[PDB]
Amino acid sequence: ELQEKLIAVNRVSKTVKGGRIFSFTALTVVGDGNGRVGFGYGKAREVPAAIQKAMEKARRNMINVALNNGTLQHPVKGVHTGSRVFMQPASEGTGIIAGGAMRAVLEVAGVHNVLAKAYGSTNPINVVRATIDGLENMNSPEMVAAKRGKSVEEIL
RNA sequence: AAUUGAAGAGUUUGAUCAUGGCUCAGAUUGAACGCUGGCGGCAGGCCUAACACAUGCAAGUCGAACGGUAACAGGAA
Ligand SMILES: [K+]
Ligand SMILES: [K+]
Ligand SMILES: [Mg+2]
Ligand SMILES: [Mg+2]
């Protein structure tokens, strides 16, 4: 049901009296390929435990995306920290034209055709947050019609 | 029918986020070099010395403008 993807594993370190203590971090995303997506970030002493913590957090933090037949509704911009991303709907057969971190998010969410570009910092943790922030704020003609007090047909 | 279009990665720190340069993956060429080399089609071939040039060839034609006859070819001797 849920597609899981491991985006990045990093080794971090803190210093103590006896020397350095290493640990690992894991960044993952989960999604149902139909408009739901979440990301999790886990820390542990061993890689497998870090990944399992991340998968566990991701499943509890999914948001909803209003997709339009495997693509976006309109161009969107997302921002988080140094990361600025841009995404655009594309025609069928285009595929996912996106960088590695944006690709994992877009794919587990069910986006099949999209043109994307990451500006600024490409740190994966912040690119994922910016991507999901762009998808979560995307509007559909339904909600645009509702808030404006108009029918969908007068919108399109 | 004739705008179907947009990917990142490495490297500063014990580790982090940012900033910021450097480096890489692409496409291209009147190319050159190294190794190698079967055939065909279409194109392309002094980018440097507007340096100096042997030899041959690259502009003639008209006798229906004209006086003519060097030919050679006939007509006449
Ligand atoms: K270095
Ligand atoms: K850089
Ligand atoms: Mg930058
Ligand atoms: Mg020349």
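Just so we're on the same page: letters track the sequence lines, and every chain starts at 1.
Looking at the side chain of A:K14, the nearest of the listed nucleotides B:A6, B:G14, B:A18 is B:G14. Of all nucleotides listed (B:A6, B:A18, B:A7), B:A7 comes nearest to the side chain of A:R103. Taking only side-chain atoms of A:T81, from C-beta outward, the nucleotide of B:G5, B:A18, B:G8 with the closest atom is B:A18.
Atoms NZ (A:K77) and P (B:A6) sit 19 Å apart, rounded to a whole Å. In this structure, CD1 of A:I7 is placed 14 Å from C1' of B:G8, rounded to the nearest angstrom. Regarding A:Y41, its OH atom lies at a distance of 11 Å from the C1' atom of B:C17, rounded to whole Å. Computed from coordinates, the A:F22 CZ to B:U13 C1' distance equals 13 Å when rounded to whole Å. To the nearest angstrom, P of B:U4 lies 11 Å from CG of A:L115. A straight line from CD1 of A:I97 to P of B:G5 spans 11 Å, rounded to a whole angstrom. The nearest whole Å value for the distance from the OH atom in A:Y119 to the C1' atom in B:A7 is 12 Å. The interatomic distance linking A:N10 (CG) with B:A15 (P) rounds to 10 Å, in whole Å.
Annotation: cation-pi geometry not satisfied between A:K43 and A:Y41 (NZ/CZ under 6.0 angstrom from ring centroid, within 45° of ring axis). Remark: A:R11 is positioned above the aromatic ring of A:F22, its terminal NZ or CZ atom under 6.0 angstrom from the ring centre and at most 45 degrees off the axis.
With a 3.5 Å ceiling on both atom-pair distances, B:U29 lacks any Watson-Crick or G-U wobble partner. The partner of B:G37 cannot be assigned: no Watson-Crick or G-U wobble pair with both contacts below 3.5 Å exists in any strand.
For B:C47, the torsion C1'-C2'-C3'-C4' is below zero, which places the sugar in the south, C2'-endo range. Judged by the sign of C1'-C2'-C3'-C4', the sugar at B:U55 is north, the angle being positive. In this entry B:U12 carries a south-puckered sugar, per its negative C1'-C2'-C3'-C4' angle. For B:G63, classification of the furanose by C1'-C2'-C3'-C4' yields a south pucker, on the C2'-endo side. A negative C1'-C2'-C3'-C4' dihedral is found for the sugar of B:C72, placing it in the south range.
Nucleotides B:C46 and B:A32 have their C1' atoms positioned 14 Å apart, rounded to a whole Å. A distance of about 47 Å separates the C1' atoms of B:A76 and B:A58, rounded to the whole Å. Straight-line distance between the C1' atoms of B:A54 and B:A50: roughly 22 Å, to the nearest whole Å. Straight-line distance between the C1' atoms of B:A27 and B:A7: roughly 16 Å, to the nearest whole Å. When the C1' atom is used for both B:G5 and B:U23, the distance is 29 Å, rounded to whole Å. Using atom P as the reference point in both B:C42 and B:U36, the two lie 31 Å apart (nearest Å). With P as the reference atom, B:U19 and B:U28 are 34 Å apart, rounded to whole Å. Rounded to a whole angstrom, the distance from the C1' atom of B:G20 to that of B:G10 is 15 Å.
Tested against A:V29, the residues A:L106, A:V108, A:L6 include a single side-chain contact (heavy atoms from CB on, under 4.5 Å) partner, A:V108.
Under 4.0 angstrom from either OP1 or OP2 of B:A9 there lies at least one side-chain N or O belonging to A:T122. In this structure, A:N123 reaches the B:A18 phosphate: one of its side-chain N or O atoms is under 4.0 Å from OP1 or OP2.
Residue A:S121 is in sugar-phosphate contact alone, with no base atom involved, counting any heavy-atom pair closer than 4.0 Å across all strands shown. Within 4.0 Å (heavy atoms only), A:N113 reaches no atom of the nucleic acid at all. Contacts of A:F86 with the nucleic acid, taken as non-hydrogen atoms under 4.0 Å apart, include base atoms. Base engagement by A:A90 is indicated by at least one non-hydrogen atom pair under 4.0 Å involving a base atom.
The neighbouring residues B:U13 and B:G14 do not form a stacked base step, as their six-membered rings are not both less than 5.5 angstrom apart at the centres and less than 30 degrees apart in plane orientation. Annotated as stacked: the bases of B:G56 and B:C57, by the 5.5 Å centre and 30° plane rule. Stacking between B:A59 and B:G60 is absent, since the six-membered rings do not have centres under 5.5 Å apart together with planes under 30°. Using a cut-off of 5.5 angstrom for ring-centre distance and 30 degrees for interplanar angle, B:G37 is classed as not stacked on B:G38. For the neighbouring bases B:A7 and B:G8, no stacking contact is recorded, as ring-centre distance under 5.5 Å and ring-plane angle under 30° do not both hold.
Under the 4.0 Å criterion applied to side-chain N and carboxylate O atoms, A:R59 and A:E4 are assigned as salt-bridge partners. Salt-bridge annotation for A:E107 and A:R103: absent, with no side-chain N of the basic residue lying under 4.0 Å from a carboxylate O of the acidic one.
Separation of atoms OG1 (A:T131) and CE (A:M102) is listed at 4.0 Å; rounding is to 0.5 Å. Here CZ of A:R129 is found 11.0 Å from CG of A:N123. Values are rounded to the nearest 0.5 Å.
For the pair A:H80 and A:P124, both in contact range of RNA chain B, the more 5′-proximal nearest nucleotide belongs to A:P124. Where A:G120 and A:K117 meet RNA chain B, the nucleotide closest to each residue was compared, and A:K117 sits on the side nearer the 5' end.
Remark: side-chain polar atoms of A:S23 are not paired, donor with acceptor, to backbone N or O of A:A44 under 3.5 angstrom.
With both atom-pair distances required to fall under 3.5 Å, no Watson-Crick or G-U wobble pair links B:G63 to B:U19. Nucleotides B:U11 and B:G21 satisfy the base-pair criterion: a Watson-Crick or G-U wobble arrangement whose two donor-acceptor distances both fall under 3.5 Å.
The minimum heavy-atom distance between A:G78 and A:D133, with the atom names listed, is CA-OD2, 3.6 Å.
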